[PDB]
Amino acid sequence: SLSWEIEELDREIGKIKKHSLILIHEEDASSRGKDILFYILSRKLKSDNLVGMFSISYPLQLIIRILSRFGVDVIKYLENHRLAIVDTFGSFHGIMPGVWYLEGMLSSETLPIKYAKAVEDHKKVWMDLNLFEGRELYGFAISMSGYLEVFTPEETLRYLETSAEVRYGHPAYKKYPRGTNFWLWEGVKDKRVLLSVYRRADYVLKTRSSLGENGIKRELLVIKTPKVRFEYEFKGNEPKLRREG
């Protein structure tokens, strides 16, 4: 099993079952659940693991800036083959070693196989260099809610299923080590699509804010596990959690 990189989570709900899919549902922006996920990502990178990012929602230059806040120099991890990025945002919006761009028509129908090919290509590099040895592989999709900017809800629901179908049989997932994956979902946006991603995830953590008379209270709710509520705040970039009664 694998650490959450947050001691309170390891203690209260246990470590992550290897190969799980984890959904971080940031219900509102003020909760900063996204920052909890970036913290986890930064810790997996700093601990010399392999990380693949599907950078869906934000310009690459913004991802680089965000990660710099966490003491991660993205270019160094890219050039040293620790980090692979599929720049989905740049691919959709028409705008570096280790950064893959998706070419051609990007539809709810074509995207799954195009991702699988990119993933296979990253994993072939890692395998050739023997970089899986003694390392864990993690994936991060930031953020799966971004698809609603380019696909209809109906298209997104079909896309999620076709993706699962491709992953069932493709060499990228059957002929190489598999990863442990984190999906971020920002906001609500479409309840049906959110229902599908909740169902597909092995773990679901939901973050949300409460306006108090004396300030904002941020909460993390453990909605789903394979087998709990926390209040949190930040010390610099480090999330500090307290299990609630």
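Residue numbers here begin at 1 and follow the sequence given.
Missing residues, deposited sequence, between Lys235 and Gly236 (class: none, 1 to 3, 4 to 9, 10 or more): Unmodelled stretch: none, continuous chain.
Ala164 to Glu165: deposited residues without atomic coordinates: In the record, the chain runs straight from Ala164 to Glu165 with none unmodelled.
Stretch exceeding the other in mean C-alpha B-factor - 207 to 215, 184 to 192: It is 207 to 215 that shows the higher mean C-alpha B-factor.
76 to 84 versus 135 to 143 - which carries the larger mean C-alpha B factor in the record: Per the deposited B-factors, the answer is 76 to 84.
Most elevated Cα B-factor in the entry, residues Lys175, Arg158, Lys123, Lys114: Across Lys175, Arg158, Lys123, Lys114, the entry lists the biggest C-alpha B-factor for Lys175.
Assigned third (lowest, middle, highest) for the C-alpha B factor of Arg43: Middle third of the chain for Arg43's C-alpha B-factor.
Entry-reported Cα temperature factor of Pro97, expressed as the chain third it lands in: Ranked within chain, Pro97 CA B lands in the highest tercile.
Chain-relative CA temperature factor third for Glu103: Highest third.
B-factor third for the C-alpha atom of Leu221 within its chain: Within its chain, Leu221 is a middle-third residue by C-alpha B-factor, going by the deposited values.
Chain-wide C-alpha B factor ranking for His25, given as lowest, middle or highest third: For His25, the deposited C-alpha B-factor lands in the lowest third.
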